[PDB]
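One chain is shown next in structure tokens, namely the form deposited in one PDB entry.
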């Protein structure tokens, strides 16, 4: 779990700040890693180490891997899998107009596969969104921010924004919104709406509009994730088969 600091070389700052202070680095060389600096006393060493170990166990090619934790010296950090092509939100936005619908659907399949793994381990993400996903080798998309997380109403299911009632089904609502962000090529959901207007509109039955590149079938899957009650929303396991099936149909 714990990396001796002598084994790391920090190079340059990378990223636009959606994950804070990140460097490109090398680990016991010349393996590229992303190193993320964190605050000194948010956890206590034991909890922190035990949660780095739990995170490292959650090992799936659609999840950005934690390699370990460097805490011998300050500033302390997280050592992560390096993701060649940065944050999905920027990847999508800078390259608007250059994706086939099929390519956008494959991106939602990548996330859904990571999420179906978390779902199966009884792990709730709680902040799933395009900004928390990263793009790798051969443009694979991977999910991050599912551990070491120590209000985004736009991604929150109604029972999360009303009473913080989190579940894998509230992650499914968030994944609907991520699907909209992907198919709209990184547009901001409910962009000119305040938090309480989002809340009031969602309560009334309002839903994000259909992006031009999303087919009718895809948008119907979107609207299933945004079912008002969690019991009506499909589970990731079923969404994974479904999206792959629509890809094939």
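In this text, rigid core is short for the largest set of C-alphas that superpose within 1.5 Å between two forms. Only residues modelled in both forms are compared. Positions refer to the first chain, counted from 1.
A second form of this protein, the form deposited in another entry, is not displayed here; the remarks below concern that form.
Annotation: the position in 219, 67, 27, 48 displaced by at least 2 Å at CA between the shown form and the other one, with the core superposed, corresponds to 48.
Core-superposed comparison between the shown form and the other one: the CA of residue 207 stays below a 2 Å shift. In a rigid-core overlay of the protein, residue 16 has its C-alpha displaced by at least 2 Å between the shown form and the other one. Relative to the shown form, the Cα atoms of residue 20 and residue 92 move apart by 3 Å or more in the other entry. Cα-Cα spacing of residue 16 to residue 100 is enlarged in the other entry versus the present form (difference of at least 3 Å). 15 to 20, 39 to 50, 147 to 150 are the runs of three or more consecutive shared residues whose C-alphas all shift by 2 Å or more between the shown form and the other one after the rigid core is superposed.
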